[PDB]
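Single chain ahead, by itself, as structure tokens, in the form deposited in one PDB entry.
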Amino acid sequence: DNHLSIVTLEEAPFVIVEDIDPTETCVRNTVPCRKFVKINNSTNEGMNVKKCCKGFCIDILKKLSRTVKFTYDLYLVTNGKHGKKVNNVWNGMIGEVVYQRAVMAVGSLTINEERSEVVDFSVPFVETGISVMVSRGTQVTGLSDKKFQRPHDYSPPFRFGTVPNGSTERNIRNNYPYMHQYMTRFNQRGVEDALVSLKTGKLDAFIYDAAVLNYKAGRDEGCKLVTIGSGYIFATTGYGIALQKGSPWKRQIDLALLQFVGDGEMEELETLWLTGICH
């Protein structure tokens, strides 16, 4: 069969969600996408709500639907974000795949070792990694900067942090145990939350997904928040489409993606959705 259940997850600019045109039709570069929305927090009952979905990865999904020739029913993930193995039961987009509720997941989904053991990932279609955002003028190499691994070796000690309970926190917890302990008192609510702490001099550095920090830096008013050079990014990797283990679609999807980076169609999407006004 070539009709496919695809899960995604809102995260501008990669996936951007809008209510339906009131009319009930998703016009423009938006595609239909349903979302199962709960009735209250103490029942499993809900309704499937209709929304419209656009963005960098949605444009990807379009080209793949045309090149690889499938159709799809896109929905958004209600329980979890990208996918975390909680007591060995994945949630997120990964979990919708592993438990065969979707056959592929399209989104800002990072490719990591743990996920690859249970899903198959297409070739990466955008570079990401773990990166550092600072206010222009702060001198920082990258995550493995000594000003991060031994913070009290500098006076004043740097104030940096990340948004906990993600992959950045976990990766750091394993690789830099004492960096994890110290930056805990500097955990942030989210990205827009931590940008302001950067700009008001509360925080010295922000360690997070590199595509997301680049996109923020591009569209930062005054162009004063900046990320480190791409060469100092830690655990470099990328966003990819998750499929099922053994998926017969991975081959045509890989070829299709590498074709889009080859013939320029990917750089165009990047410039369309990702490239901003700074630099």
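Rigid core here is just the name for the largest C-alpha set that superposes within 1.5 Å across the two forms. Residue numbers run from 1 along the displayed sequence.
Modelled in this chain, residue 271 is likewise resolved in all the other entries of the protein that span it on both sides, not missing from even a third of them.
For the cut-off of one third of the other compared entries, residue 259 stays well clear, since all of them model it along with its flanks. A chain break between residue 22 and residue 23 is present, corresponding to 1 to 3 residues of the deposited sequence without coordinates. Comparing 202-210 with 79-87, the higher mean C-alpha B-factor in the PDB entry belongs to 79-87.
The mean Cα B-factor in the deposited entry runs higher for 26-34 than for the other of 26-34 and 51-59. The PDB entry assigns its highest CA temperature factor, among 129, 156, 177, 142, to 156.
When the C-alpha B-factors of 137, 124, 92, 107 are read from the PDB record, the largest value belongs to 137. Ranked by C-alpha B-factor against the other modelled residues of its chain, residue 278 falls in the highest third.
Annotation for residue 230: CA B-factor lies in the highest third of the chain's modelled residues. Split the chain's modelled residues into thirds by C-alpha temperature factor. Residue 267 is in the highest one.
The entry lists a Cα temperature factor for residue 98 that places it in the highest third of the chain's modelled residues.
Among all modelled residues in this chain, the alpha-carbon of residue 68 has a temperature factor (C-alpha) in the middle third.
The form deposited in another entry exists for this protein as well; it is not shown, and the discussion that follows is about that form.
Rigid core superposed between the shown form and the other one, residues 106, 97, 77, 194 considered: the one with a C-alpha shift of 2 Å or more is 194.
After superposing the rigid core, the Cα of residue 162 is displaced by 2 Å or more between the shown form and the other one. Residue 129 is not among the residues whose C-alpha shifts by 2 Å or more between the shown form and the other one once the rigid core is aligned; its shift stays under 2 Å. Positional change of residue 236 between the shown form and the other one stays under 2 Å at the C-alpha, relative to the superposed core. Closer approach of the C-alpha atoms of residue 184 and residue 93, by 3 angstroms or more, is seen in that other deposited form than in the present form.
An increase of at least 3 Å in the separation of the C-alpha atoms of residue 125 and residue 230 is found in that other deposited form, compared with the displayed form.
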